[PDB]
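K.L.:
my complex, first installment, coordinates as in the assembly:
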Amino acid sequence: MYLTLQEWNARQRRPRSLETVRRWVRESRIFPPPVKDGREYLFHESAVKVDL
């Protein structure tokens, strides 16, 4: 299922500050790009961080 930004962060090898994760999203570092459902990002469970 979709994860919240904090829930996706908590499953990564090195969780970061939520502001950091948000910056990754703004910078197109997350594949697939999270959808903003209303006020919050939804991450695919299989979303990964990529180097651009």
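P.N.:
Cool, got the structure. Residues are numbered from 1 along each chain as shown, chains lettered A, B, ... in the order given.

K.L.:
Can you tell me the SS state at residue A:7?
P.N.:
Here residue A:7 is helix, with the state taken from DSSP: H, G, I helix; E, B strand; the rest coil.

K.L.:
Would you tell me what helix or strand the residue nearest to residue A:36 when sequence neighbours are not counted is located in?
P.N.:
In this structure, residue A:36 finds its nearest non-sequential neighbour in residue A:42, 7.7 Å apart by CB to CB, 6 or more residues apart in numbering. Just so you know, the C-beta spots here come from the backbone N, C-alpha and C atoms, and that holds for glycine as well. Using DSSP states H and E, the element containing residue A:42 is strand A:40-43.

K.L.:
can you slot in chain B too:
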Amino acid sequence: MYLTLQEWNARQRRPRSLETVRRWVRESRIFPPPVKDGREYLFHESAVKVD
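P.N.:
Putting chain B together with the chains above:
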């Protein structure tokens, strides 16, 4: 058998610049610490970087 700094670095989950790996060695971040043998560092196969 020992590995070279380049060989060790290519085998990690995120290889870094040589400069950075050398700095980690200089800062004793790597265990077991590499042996300096002549001009090269020699890494144990099991050597990991401790955070």
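
K.L.:
which residues touch the strand holding residue A:42?
P.N.:
Applying CB atoms under 8 Å, 6 or more residues apart in numbering or on different chains, the contact partners of strand A:40-43 are A:2, A:3, A:4, A:5, A:7, A:8, A:22, A:25, A:30, A:34, A:35, A:36.

K.L.:
gap between it and the chain center?
P.N.:
On the basis of CA atoms, centre = their mean, to the nearest Å, strand A:40-43 is displaced by 7 Å from the centre of the chain it belongs to.

K.L.:
Tell me which residues of that strand come out buried.
P.N.:
Residues A:41, A:42, A:43 are the ones in strand A:40-43 that count as buried (16 or more other CB atoms under 10 Å in any protein chain shown).

K.L.:
now the sequence for DNA strand C, which goes on the structure above:
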DNA sequence: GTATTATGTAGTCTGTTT
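P.N.:
So that you can see how it sits with the rest, here is DNA strand C on the chains above:
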């Protein structure tokens, strides 16, 4: 060495959910 990039905390801004 110096410069650039990555990260962190805060305040204020737009907008969403209750």
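
K.L.:
Who does the strand holding residue A:42 pair with, and is each partner parallel or antiparallel?
P.N.:
Strand A:40-43 sits in its sheet next to strand A:3-4 (antiparallel), strand A:35-37 (antiparallel), going by DSSP bridges.

K.L.:
can you redo these as JSON lines with mean neighbour count and distance to DNA strand C?
P.N.:
Compiled in JSON lines, the strands paired with strand A:40-43 are given as follows (neighbours: other CB atoms under 10 Å in any protein chain shown; distance: least, CB to the nearest atom of the strand, whole Å):
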{"stretch": "strand A:3-4", "mean neighbour count": "16", "distance to DNA strand C": "12"}
{"stretch": "strand A:35-37", "mean neighbour count": "10", "distance to DNA strand C": "6"}
